[PDB]
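S.K.: Dropping in work00.csv, with CSV, N, CA and C atoms.
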```csv
chain,number,residue,atom,x,y,z
N,127,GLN,N,0.9,-1.2,0.0
N,127,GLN,CA,0.0,0.0,0.0
N,127,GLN,C,0.9,1.3,0.0
N,128,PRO,N,1.7,1.4,1.0
N,128,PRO,CA,2.6,2.6,1.1
N,128,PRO,C,3.6,2.7,0.0
N,129,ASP,N,3.9,3.9,-0.5
N,129,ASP,CA,4.9,4.1,-1.6
N,129,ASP,C,4.6,3.1,-2.7
N,130,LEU,N,5.6,2.4,-3.2
N,130,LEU,CA,5.5,1.4,-4.3
N,130,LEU,C,6.7,0.4,-4.2
N,131,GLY,N,7.3,0.1,-5.3
N,131,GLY,CA,8.5,-0.8,-5.3
N,131,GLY,C,9.6,-0.1,-4.5
N,132,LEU,N,10.9,-0.3,-5.0
N,132,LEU,CA,12.0,0.3,-4.2
N,132,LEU,C,13.3,0.2,-5.1
N,133,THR,N,14.4,0.4,-4.4
N,133,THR,CA,15.8,0.4,-5.0
N,133,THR,C,16.1,-0.9,-5.7
N,134,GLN,N,15.5,-2.0,-5.2
N,134,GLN,CA,15.8,-3.3,-5.9
N,134,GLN,C,15.4,-3.3,-7.3
N,135,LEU,N,14.2,-2.8,-7.6
N,135,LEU,CA,13.7,-2.8,-9.0
N,135,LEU,C,14.7,-2.1,-10.0
N,136,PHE,N,15.0,-0.8,-9.7
N,136,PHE,CA,15.9,-0.1,-10.6
N,136,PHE,C,17.4,-0.4,-10.3
N,137,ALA,N,17.7,-0.8,-9.1
N,137,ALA,CA,19.1,-1.1,-8.8
N,137,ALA,C,19.6,-2.3,-9.7
N,138,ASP,N,18.6,-3.1,-10.1
N,138,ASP,CA,18.8,-4.2,-11.0
N,138,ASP,C,19.5,-3.7,-12.2
N,139,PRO,N,20.0,-4.5,-13.2
N,139,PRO,CA,20.6,-4.0,-14.4
N,139,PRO,C,19.6,-3.2,-15.2
N,140,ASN,N,20.1,-2.5,-16.2
N,140,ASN,CA,19.3,-1.6,-17.1
N,140,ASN,C,17.8,-1.8,-17.0
N,141,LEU,N,17.1,-1.1,-16.1
N,141,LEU,CA,15.7,-1.1,-16.0
N,141,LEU,C,15.0,0.1,-16.6
N,142,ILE,N,15.9,1.1,-16.9
N,142,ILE,CA,15.4,2.4,-17.5
N,142,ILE,C,14.9,2.2,-18.9
N,143,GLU,N,15.4,1.2,-19.6
N,143,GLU,CA,15.0,1.0,-21.0
N,143,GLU,C,13.5,0.7,-21.0
N,144,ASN,N,13.0,-0.2,-20.2
N,144,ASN,CA,11.6,-0.5,-20.1
N,144,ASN,C,10.9,0.8,-19.8
N,145,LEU,N,11.4,1.6,-18.8
N,145,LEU,CA,10.9,2.9,-18.4
N,145,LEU,C,10.8,3.8,-19.6
N,146,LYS,N,11.7,3.7,-20.6
N,146,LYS,CA,11.7,4.6,-21.7
N,146,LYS,C,10.4,4.4,-22.6
N,147,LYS,N,10.0,3.2,-22.9
N,147,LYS,CA,8.8,3.1,-23.8
N,147,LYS,C,7.4,3.1,-23.3
N,148,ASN,N,7.1,2.4,-22.2
N,148,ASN,CA,5.7,2.4,-21.7
N,148,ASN,C,5.3,3.4,-20.6
N,149,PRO,N,6.2,3.9,-19.8
N,149,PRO,CA,5.8,4.8,-18.7
N,149,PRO,C,6.2,6.3,-19.0
N,150,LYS,N,5.4,7.2,-18.4
N,150,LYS,CA,5.6,8.6,-18.6
N,150,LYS,C,7.0,8.9,-18.0
N,151,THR,N,7.5,8.1,-17.2
N,151,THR,CA,8.8,8.3,-16.5
N,151,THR,C,9.9,8.5,-17.6
N,152,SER,N,9.7,8.0,-18.8
N,152,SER,CA,10.7,8.1,-19.8
N,152,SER,C,11.0,9.6,-20.2
N,153,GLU,N,10.1,10.5,-19.7
N,153,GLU,CA,10.3,11.9,-20.0
N,153,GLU,C,11.7,12.3,-19.4
N,154,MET,N,12.0,11.9,-18.2
N,154,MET,CA,13.2,12.3,-17.6
N,154,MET,C,14.4,11.7,-18.3
N,155,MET,N,14.3,10.6,-18.9
N,155,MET,CA,15.4,10.0,-19.5
N,155,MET,C,15.9,10.8,-20.8
N,156,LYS,N,14.9,11.3,-21.5
N,156,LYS,CA,15.2,12.0,-22.7
N,156,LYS,C,15.6,13.5,-22.5
N,157,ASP,N,15.3,14.1,-21.3
N,157,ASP,CA,15.6,15.5,-21.1
N,157,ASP,C,16.5,15.7,-19.9
N,158,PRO,N,16.1,15.6,-18.7
N,158,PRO,CA,16.9,16.0,-17.5
N,158,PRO,C,18.1,15.1,-17.3
N,159,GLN,N,19.2,15.8,-16.9
N,159,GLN,CA,20.5,15.2,-16.6
N,159,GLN,C,20.4,14.3,-15.4
N,160,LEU,N,19.3,14.4,-14.6
N,160,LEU,CA,19.2,13.7,-13.4
N,160,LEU,C,19.2,12.2,-13.6
N,161,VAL,N,18.9,11.8,-14.8
N,161,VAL,CA,18.9,10.3,-15.1
N,161,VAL,C,20.3,9.7,-14.8
N,162,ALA,N,21.3,10.3,-15.3
N,162,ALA,CA,22.7,9.8,-15.0
N,162,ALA,C,22.9,9.8,-13.5
N,163,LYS,N,22.6,10.9,-12.9
N,163,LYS,CA,22.8,11.0,-11.4
N,163,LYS,C,22.1,9.8,-10.7
N,164,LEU,N,20.8,9.6,-11.1
N,164,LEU,CA,20.0,8.6,-10.5
N,164,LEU,C,20.6,7.2,-10.7
N,165,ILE,N,21.2,7.0,-11.9
N,165,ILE,CA,21.8,5.7,-12.2
N,165,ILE,C,22.8,5.2,-11.2
N,166,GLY,N,23.6,6.1,-10.7
N,166,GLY,CA,24.6,5.8,-9.7
N,166,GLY,C,23.8,5.5,-8.4
N,167,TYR,N,22.8,6.3,-8.1
N,167,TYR,CA,22.0,6.2,-7.0
N,167,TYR,C,21.2,4.9,-6.9
N,168,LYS,N,20.9,4.3,-8.1
N,168,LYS,CA,20.2,3.0,-8.1
N,168,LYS,C,21.1,1.9,-7.7
N,169,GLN,N,22.4,1.9,-8.0
N,169,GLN,CA,23.3,0.8,-7.6
N,169,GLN,C,23.7,0.6,-6.2
N,170,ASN,N,24.2,1.7,-5.5
N,170,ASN,CA,24.7,1.6,-4.1
N,170,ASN,C,23.8,2.2,-3.0
N,171,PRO,N,23.1,3.2,-3.2
N,171,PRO,CA,22.4,3.9,-2.0
N,171,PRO,C,20.9,3.5,-1.9
N,172,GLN,N,20.6,2.6,-0.9
N,172,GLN,CA,19.3,2.2,-0.6
N,172,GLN,C,18.4,3.4,-0.2
N,173,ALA,N,19.1,4.6,0.0
N,173,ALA,CA,18.5,5.8,0.4
N,173,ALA,C,17.4,6.3,-0.6
N,174,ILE,N,17.2,5.6,-1.7
N,174,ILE,CA,16.2,6.0,-2.7
N,174,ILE,C,14.8,6.0,-2.1
N,175,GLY,N,14.6,5.2,-1.1
N,175,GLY,CA,13.3,5.1,-0.5
N,175,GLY,C,12.8,6.5,0.0
N,176,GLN,N,13.8,7.3,0.4
N,176,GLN,CA,13.5,8.6,1.0
N,176,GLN,C,13.5,9.7,-0.1
N,177,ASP,N,14.1,9.4,-1.3
N,177,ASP,CA,14.2,10.3,-2.4
N,177,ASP,C,13.0,10.3,-3.2
N,178,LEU,N,12.2,9.2,-3.2
N,178,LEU,CA,11.0,9.2,-4.0
N,178,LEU,C,10.1,10.4,-3.6
N,179,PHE,N,10.1,10.7,-2.3
N,179,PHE,CA,9.4,11.9,-1.8
N,179,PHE,C,9.8,13.2,-2.5
N,180,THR,N,11.1,13.2,-2.9
N,180,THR,CA,11.7,14.4,-3.6
N,180,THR,C,11.5,14.3,-5.1
N,181,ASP,N,11.5,13.0,-5.6
N,181,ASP,CA,11.3,12.8,-7.0
N,181,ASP,C,9.9,12.2,-7.3
N,182,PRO,N,9.0,13.1,-7.8
N,182,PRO,CA,7.6,12.6,-8.2
N,182,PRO,C,7.6,11.5,-9.2
N,183,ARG,N,8.3,11.7,-10.3
N,183,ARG,CA,8.3,10.7,-11.4
N,183,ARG,C,8.9,9.4,-11.0
N,184,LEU,N,9.9,9.4,-10.1
N,184,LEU,CA,10.5,8.1,-9.6
N,184,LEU,C,9.4,7.1,-9.2
N,185,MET,N,8.3,7.7,-8.6
N,185,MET,CA,7.2,6.9,-8.1
N,185,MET,C,6.5,6.3,-9.2
N,186,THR,N,6.3,7.0,-10.3
N,186,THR,CA,5.6,6.5,-11.5
N,186,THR,C,6.4,5.2,-12.0
N,187,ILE,N,7.7,5.3,-12.0
N,187,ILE,CA,8.5,4.2,-12.4
N,187,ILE,C,8.2,3.0,-11.6
N,188,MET,N,8.0,3.2,-10.3
N,188,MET,CA,7.7,2.1,-9.3
N,188,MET,C,6.4,1.5,-9.8
N,189,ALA,N,5.4,2.3,-10.1
N,189,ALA,CA,4.1,1.8,-10.5
N,189,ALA,C,4.2,0.8,-11.6
N,190,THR,N,4.9,1.1,-12.7
N,190,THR,CA,5.0,0.2,-13.8
N,190,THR,C,5.6,-1.2,-13.4
N,191,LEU,N,6.7,-1.1,-12.6
N,191,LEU,CA,7.4,-2.3,-12.1
N,191,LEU,C,6.5,-3.1,-11.2
N,192,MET,N,5.9,-2.5,-10.3
N,192,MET,CA,4.9,-3.1,-9.3
N,192,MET,C,3.6,-3.4,-9.9
N,193,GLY,N,3.3,-2.9,-11.1
N,193,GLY,CA,2.0,-3.1,-11.7
N,193,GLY,C,2.1,-4.2,-12.8
N,194,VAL,N,3.3,-4.9,-12.8
N,194,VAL,CA,3.5,-6.0,-13.8
N,194,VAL,C,3.6,-5.4,-15.2
N,195,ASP,N,3.7,-4.1,-15.3
N,195,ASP,CA,3.8,-3.4,-16.5
N,195,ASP,C,2.6,-3.7,-17.4
N,196,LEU,N,1.5,-4.1,-16.8
N,196,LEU,CA,0.3,-4.4,-17.6
N,196,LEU,C,-0.6,-3.1,-17.7
N,197,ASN,N,-1.1,-2.7,-16.6
N,197,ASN,CA,-2.0,-1.6,-16.5
N,197,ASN,C,-1.2,-0.3,-16.3
```
Would you write the structure of this file as structure tokens?
M.R.:
Amino acid sequence: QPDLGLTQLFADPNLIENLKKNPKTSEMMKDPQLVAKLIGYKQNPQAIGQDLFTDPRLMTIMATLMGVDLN
């Protein structure tokens, strides 16, 4: 119920590609530099759980992953 997925989903290997085609989250990949910054943040810092609060779109990414990428 609370929040959505977590660091594990994106911390995994290239998960942004999926994020590119079916979720609105792909907007950040094509424009903001934050994507690169986040990539490092996906690998080592479990702290992402607290950053979702600061990053609105990151939550959308969680939705797709947690939603089985169906709906």
S.K.: At what distance in Å, to one decimal, does atom CA of residue N:196 lie from atom CA of residue N:152?
M.R.: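 Those two atoms sit 16.4 Å apart.
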S.K.: Would you pick out the contacts of stretch 127-143 of chain N at 8 Å or less, using only C-alpha atoms, so that residues sharing its chain but fewer than 5 positions from it are not included, and give the list as a PyMOL selection string?
M.R.: chain N and resi 152+155+168-170+172+174-175+185+188-189+191-192
S.K.: Please report, as a PyMOL selection string, each residue of chain N to which DSSP assigns helix (DSSP H, G or I) when run on this structure's backbone.
M.R.: chain N and resi 133-137+142-147+152-156+160-169+174-177+182-192
S.K.: Keeping only N, CA and C atoms, take the residues you just selected and write them out as a short mmCIF file (atom, residue, chain, number, x, y, z; two decimals), keeping the file's coordinate frame.
M.R.:
```
data_model
loop_
_atom_site.label_atom_id
_atom_site.label_comp_id
_atom_site.auth_asym_id
_atom_site.auth_seq_id
_atom_site.Cartn_x
_atom_site.Cartn_y
_atom_site.Cartn_z
N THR N 133 14.40 0.40 -4.40
CA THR N 133 15.80 0.40 -5.00
C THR N 133 16.10 -0.90 -5.70
N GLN N 134 15.50 -2.00 -5.20
CA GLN N 134 15.80 -3.30 -5.90
C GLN N 134 15.40 -3.30 -7.30
N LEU N 135 14.20 -2.80 -7.60
CA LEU N 135 13.70 -2.80 -9.00
C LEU N 135 14.70 -2.10 -10.00
N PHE N 136 15.00 -0.80 -9.70
CA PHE N 136 15.90 -0.10 -10.60
C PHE N 136 17.40 -0.40 -10.30
N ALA N 137 17.70 -0.80 -9.10
CA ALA N 137 19.10 -1.10 -8.80
C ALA N 137 19.60 -2.30 -9.70
N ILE N 142 15.90 1.10 -16.90
CA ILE N 142 15.40 2.40 -17.50
C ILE N 142 14.90 2.20 -18.90
N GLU N 143 15.40 1.20 -19.60
CA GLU N 143 15.00 1.00 -21.00
C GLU N 143 13.50 0.70 -21.00
N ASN N 144 13.00 -0.20 -20.20
CA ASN N 144 11.60 -0.50 -20.10
C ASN N 144 10.90 0.80 -19.80
N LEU N 145 11.40 1.60 -18.80
CA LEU N 145 10.90 2.90 -18.40
C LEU N 145 10.80 3.80 -19.60
N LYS N 146 11.70 3.70 -20.60
CA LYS N 146 11.70 4.60 -21.70
C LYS N 146 10.40 4.40 -22.60
N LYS N 147 10.00 3.20 -22.90
CA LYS N 147 8.80 3.10 -23.80
C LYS N 147 7.40 3.10 -23.30
N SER N 152 9.70 8.00 -18.80
CA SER N 152 10.70 8.10 -19.80
C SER N 152 11.00 9.60 -20.20
N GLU N 153 10.10 10.50 -19.70
CA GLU N 153 10.30 11.90 -20.00
C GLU N 153 11.70 12.30 -19.40
N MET N 154 12.00 11.90 -18.20
CA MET N 154 13.20 12.30 -17.60
C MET N 154 14.40 11.70 -18.30
N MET N 155 14.30 10.60 -18.90
CA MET N 155 15.40 10.00 -19.50
C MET N 155 15.90 10.80 -20.80
N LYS N 156 14.90 11.30 -21.50
CA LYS N 156 15.20 12.00 -22.70
C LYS N 156 15.60 13.50 -22.50
N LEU N 160 19.30 14.40 -14.60
CA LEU N 160 19.20 13.70 -13.40
C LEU N 160 19.20 12.20 -13.60
N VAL N 161 18.90 11.80 -14.80
CA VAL N 161 18.90 10.30 -15.10
C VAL N 161 20.30 9.70 -14.80
N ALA N 162 21.30 10.30 -15.30
CA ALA N 162 22.70 9.80 -15.00
C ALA N 162 22.90 9.80 -13.50
N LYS N 163 22.60 10.90 -12.90
CA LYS N 163 22.80 11.00 -11.40
C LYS N 163 22.10 9.80 -10.70
N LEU N 164 20.80 9.60 -11.10
CA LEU N 164 20.00 8.60 -10.50
C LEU N 164 20.60 7.20 -10.70
N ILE N 165 21.20 7.00 -11.90
CA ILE N 165 21.80 5.70 -12.20
C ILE N 165 22.80 5.20 -11.20
N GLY N 166 23.60 6.10 -10.70
CA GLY N 166 24.60 5.80 -9.70
C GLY N 166 23.80 5.50 -8.40
N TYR N 167 22.80 6.30 -8.10
CA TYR N 167 22.00 6.20 -7.00
C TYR N 167 21.20 4.90 -6.90
N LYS N 168 20.90 4.30 -8.10
CA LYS N 168 20.20 3.00 -8.10
C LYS N 168 21.10 1.90 -7.70
N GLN N 169 22.40 1.90 -8.00
CA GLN N 169 23.30 0.80 -7.60
C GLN N 169 23.70 0.60 -6.20
N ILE N 174 17.20 5.60 -1.70
CA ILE N 174 16.20 6.00 -2.70
C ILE N 174 14.80 6.00 -2.10
N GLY N 175 14.60 5.20 -1.10
CA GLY N 175 13.30 5.10 -0.50
C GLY N 175 12.80 6.50 0.00
N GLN N 176 13.80 7.30 0.40
CA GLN N 176 13.50 8.60 1.00
C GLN N 176 13.50 9.70 -0.10
N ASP N 177 14.10 9.40 -1.30
CA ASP N 177 14.20 10.30 -2.40
C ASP N 177 13.00 10.30 -3.20
N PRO N 182 9.00 13.10 -7.80
CA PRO N 182 7.60 12.60 -8.20
C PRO N 182 7.60 11.50 -9.20
N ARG N 183 8.30 11.70 -10.30
CA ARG N 183 8.30 10.70 -11.40
C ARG N 183 8.90 9.40 -11.00
N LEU N 184 9.90 9.40 -10.10
CA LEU N 184 10.50 8.10 -9.60
C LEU N 184 9.40 7.10 -9.20
N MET N 185 8.30 7.70 -8.60
CA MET N 185 7.20 6.90 -8.10
C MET N 185 6.50 6.30 -9.20
N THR N 186 6.30 7.00 -10.30
CA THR N 186 5.60 6.50 -11.50
C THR N 186 6.40 5.20 -12.00
N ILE N 187 7.70 5.30 -12.00
CA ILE N 187 8.50 4.20 -12.40
C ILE N 187 8.20 3.00 -11.60
N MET N 188 8.00 3.20 -10.30
CA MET N 188 7.70 2.10 -9.30
C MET N 188 6.40 1.50 -9.80
N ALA N 189 5.40 2.30 -10.10
CA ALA N 189 4.10 1.80 -10.50
C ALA N 189 4.20 0.80 -11.60
N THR N 190 4.90 1.10 -12.70
CA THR N 190 5.00 0.20 -13.80
C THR N 190 5.60 -1.20 -13.40
N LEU N 191 6.70 -1.10 -12.60
CA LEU N 191 7.40 -2.30 -12.10
C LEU N 191 6.50 -3.10 -11.20
N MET N 192 5.90 -2.50 -10.30
CA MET N 192 4.90 -3.10 -9.30
C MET N 192 3.60 -3.40 -9.90
#
```
S.K.: Could you tell me how far atom N of residue N:171 lies from atom CA of residue N:154, in Å and to one decimal?
M.R.: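 Pair atom N of residue N:171 / atom CA of residue N:154 returns 19.7 Å.
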S.K.: Which distance in Å separates atom CA of residue N:187 and atom CA of residue N:147, to one decimal?
M.R.: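 Rounded to one decimal, the two atoms are 11.5 Å apart.
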S.K.: Need the shell around residue N:151: protein/DNA/RNA residues with any atom at most 8 Å away, counting only C-alpha atoms. Skip same-chain ones fewer than 5 positions apart. Format as number ranges by chain?
M.R.: N: 145-146, 183-184, 186-187
S.K.: May I ask which of the residues N:181, N:193, N:148, N:173 is the closest one to residue N:161, counting only C-alpha atoms?
M.R.: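 The answer is N:181, which sits nearest to residue N:161.
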